[PDB]
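Quick notes on the structure that follows.
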Amino acid sequence: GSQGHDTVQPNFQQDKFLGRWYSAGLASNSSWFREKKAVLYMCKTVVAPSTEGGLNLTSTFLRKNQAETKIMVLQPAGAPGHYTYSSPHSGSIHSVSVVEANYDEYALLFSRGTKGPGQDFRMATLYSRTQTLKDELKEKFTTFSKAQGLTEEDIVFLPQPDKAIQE
C-alpha cells in the first residue's frame with residue numbers, strides 16, 4: 001500500500017558516487033546543536049574503501065576560518081547501503097543506511113540512533129551536488145522527513161564549498 005522513502009535504495013553502487021561530495025541537508029531534532037551550528041562549516045565528506053573490507057569516510061569541515069579533518073568509518077552491514085557505526089560491546093550504538101540518490105548526485109542517507117537502553121533517535125543525512133544549495137534535495141529530504149512527522153524543528157543544512165585553496 002502506502003509506504004516508502006524510509007526503505008533503502010535496492011542495488012546501489014558507491015563507485016558511481018565515489019570521490020568528494022558537498023553537504024547541504026541534515027535532519028536532527030537535537031537541542032544543544034544551535035551551540036555548534038552557529039559556526040557550521042562546509043561538510044566535505046569523502047567516500048573510499050576501508051581496510052579489511054569496509055568503507056573509510058573522511059570528513060572535512062571547510063569554513064572561512066580553516067578546515068578540520070574528521071574520521072568516519074563505515075563497515076558494510078550486509079546490503080549495499082546498510083552499515084553499523086557501533087563501538088562498545090553492549091549498548092550505546094547507532095546505524096545508518098542509504099535512502100536514494102539523483103542518478104549520480106545529491107546523496108540521501110537515513111540514520112537511526114539509539115545509544116543506551118533506547119533513546120530512539122531519527123537523524124537524516126543529505127549531500128549536495130551543485131555550486132550552491134539544491135532545492136530538489138532540500139525538498140525531498142525535508143518533505144520525506146516532515147511528511148513522516150517532522151518539520152523545520154529537525155532540519156540543518158551545511159554551508160557551501162569553502163577555502164578554494166589547500167595548505
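Cβ sites come from the backbone with ideal geometry, for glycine too, and all protein chains shown count toward neighbours. Every number in this text was worked out from the coordinates using simple rules, so none of it is lab data.
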#### Entry: Tally of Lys pairs whose C-alpha atoms are under 18 Å apart, taken over the chain, 8 or more apart or cross-chain
16
### Task
Give the long-range amide H neighbours of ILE155: residues separated by 5 or more places, or on another chain, with amide H under 5 Å away, using H modelled in the peptide plane at 1.01 Å from N.
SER28
#### Entry: Dimensionless Rg ratio for the chain, taking C-alpha atoms and the 2.2 N^0.38 Å reference
1.03
### Summary
Once the dipole of the range 15-135 is set up from charges on Cβ (+1 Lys and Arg, -1 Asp and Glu), the residue from the list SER31, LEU57, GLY81 lying farthest towards its positive end is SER31
#### Entry: Neighbourhood net charge (11 Å Cβ-Cβ; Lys/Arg +1, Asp/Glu -1) for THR45
+3
### Task
Under a 10 Å cutoff between Cα atoms, tell me which one of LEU55, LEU137, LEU108 has the largest fluctuation in the Gaussian network model of the chain.
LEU55
### Query
Considering the chain as a Gaussian network with a 10 Å cut-off on Cα pairs, which listed residue, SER128, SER30, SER145, attains the greatest mean-square fluctuation?
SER30
### Query
Residue-wise, which Karplus ³J(HN,Hα) couplings in Hz belong to the range 63-78, taking 6.51 cos²θ - 1.76 cosθ + 1.60, θ = phi - 60°, and x for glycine or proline?
10, 4, 7, 8, 10, 10, 8, 9, 10, 9, 10, 10, 9, x, 7, x
### Summary
Which residues qualify? For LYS44, with a placed amide H closer than 5 Å and at least 5 residues away or on another chain, they are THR60, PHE61, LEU62
### Query
Can you list the HN-Hα couplings for the range 119-126, worked out from phi with the Karplus curve (6.51, -1.76, 1.60; θ = phi - 60°), rounded to whole Hz and with x for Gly and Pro?
8, 6, 9, 9, 10, 10, 10, 9
### Message
I need the phi-derived Karplus couplings for the range 20-37: 6.51 cos²θ - 1.76 cosθ + 1.60, θ = phi - 60°, integer Hz, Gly and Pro marked x.
### Response
8, 9, 6, 10, 4, x, 7, 10, 7, 3, 6, 8, 9, 5, 3, 5, 10, 5
### Message
Please give the charge dipole size of the chain, origin at the Cα centre, charges +1 on K and R Cβ atoms and -1 on D and E Cβ atoms. Round to the nearest 20 debye.
### Response
360 debye
### Task
Would you list the P(r) distribution for the range 69-150, with all Cα-Cα distances sorted into 10 Å bins from 0 and each bin expressed as a whole %?
16, 41, 34, 9, 0
### Query
Separation of the range 72-98 and the range 43-64 by C-alpha centroid, Å?
15 Å
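Rounded to the nearest 20 debye, what is the charge dipole size of the range 1-58 about its Cα centre when +1 sits on each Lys and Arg Cβ and -1 on each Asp and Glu Cβ?
On the way: 6 positive and 4 negative charges, 65 e Å.
Roughly 320 debye, rounded to the nearest 20.
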## Note on the structure
Residues meeting the amide H criterion for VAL73 (H placed from the backbone, H to H distance under 5 Å, 5 or more places apart or on another chain) are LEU57
